[PDB]
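Written out below as structure tokens is the structure these notes cover.
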Amino acid sequence: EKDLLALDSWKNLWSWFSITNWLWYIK
């Protein structure tokens with residue numbers, strides 16, 4: 001259901017990484 005290969009489940013994890021938000025302070 002949530003394997004590492006199935007990137008369809010990574011999207012929920014990609015949302016967890018709000019780096020693009022931290023890069024806005026220096027971008």
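Chain identifiers are assigned as A, B, and so on, following the order in which chains appear in the structure tokens; residues are numbered from 1 within each chain, and ligands are numbered from 1 in order of appearance.
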DSSP alpha helix (DSSP H) selection over chain A, as JSON, numbers by chain | {"A": [10, 11, 12, 13, 14, 15, 16, 19, 20, 21, 22]}
Only N, CA and C atoms, please: the residues just picked out, written as a PDB file, in the first residue's frame.
ATOM      1  N   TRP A  10       4.581   8.945  -2.320  1.00  0.00           N
ATOM      2  CA  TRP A  10       5.657   9.917  -1.964  1.00  0.00           C
ATOM      3  C   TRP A  10       5.091  11.335  -1.975  1.00  0.00           C
ATOM      4  N   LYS A  11       4.131  11.594  -2.827  1.00  0.00           N
ATOM      5  CA  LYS A  11       3.525  12.957  -2.899  1.00  0.00           C
ATOM      6  C   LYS A  11       3.145  13.450  -1.504  1.00  0.00           C
ATOM      7  N   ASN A  12       2.593  12.584  -0.696  1.00  0.00           N
ATOM      8  CA  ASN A  12       2.230  12.989   0.688  1.00  0.00           C
ATOM      9  C   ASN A  12       3.510  13.325   1.450  1.00  0.00           C
ATOM     10  N   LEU A  13       4.592  12.678   1.106  1.00  0.00           N
ATOM     11  CA  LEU A  13       5.884  12.959   1.788  1.00  0.00           C
ATOM     12  C   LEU A  13       6.519  14.202   1.160  1.00  0.00           C
ATOM     13  N   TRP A  14       6.360  14.376  -0.127  1.00  0.00           N
ATOM     14  CA  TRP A  14       6.950  15.578  -0.785  1.00  0.00           C
ATOM     15  C   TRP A  14       6.298  16.830  -0.206  1.00  0.00           C
ATOM     16  N   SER A  15       5.056  16.732   0.189  1.00  0.00           N
ATOM     17  CA  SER A  15       4.368  17.906   0.791  1.00  0.00           C
ATOM     18  C   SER A  15       4.986  18.187   2.158  1.00  0.00           C
ATOM     19  N   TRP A  16       5.496  17.159   2.787  1.00  0.00           N
ATOM     20  CA  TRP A  16       6.106  17.305   4.135  1.00  0.00           C
ATOM     21  C   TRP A  16       7.382  18.143   4.051  1.00  0.00           C
ATOM     22  N   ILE A  19      10.705  22.759   1.926  1.00  0.00           N
ATOM     23  CA  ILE A  19      11.970  23.510   1.716  1.00  0.00           C
ATOM     24  C   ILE A  19      11.730  24.695   0.799  1.00  0.00           C
ATOM     25  N   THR A  20      11.047  24.483  -0.287  1.00  0.00           N
ATOM     26  CA  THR A  20      10.788  25.606  -1.224  1.00  0.00           C
ATOM     27  C   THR A  20      10.256  26.816  -0.443  1.00  0.00           C
ATOM     28  N   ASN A  21       9.750  26.562   0.739  1.00  0.00           N
ATOM     29  CA  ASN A  21       9.238  27.664   1.601  1.00  0.00           C
ATOM     30  C   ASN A  21      10.417  28.333   2.307  1.00  0.00           C
ATOM     31  N   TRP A  22      11.370  27.539   2.719  1.00  0.00           N
ATOM     32  CA  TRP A  22      12.562  28.083   3.403  1.00  0.00           C
ATOM     33  C   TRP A  22      13.492  28.737   2.380  1.00  0.00           C
TER      34      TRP A  22
END
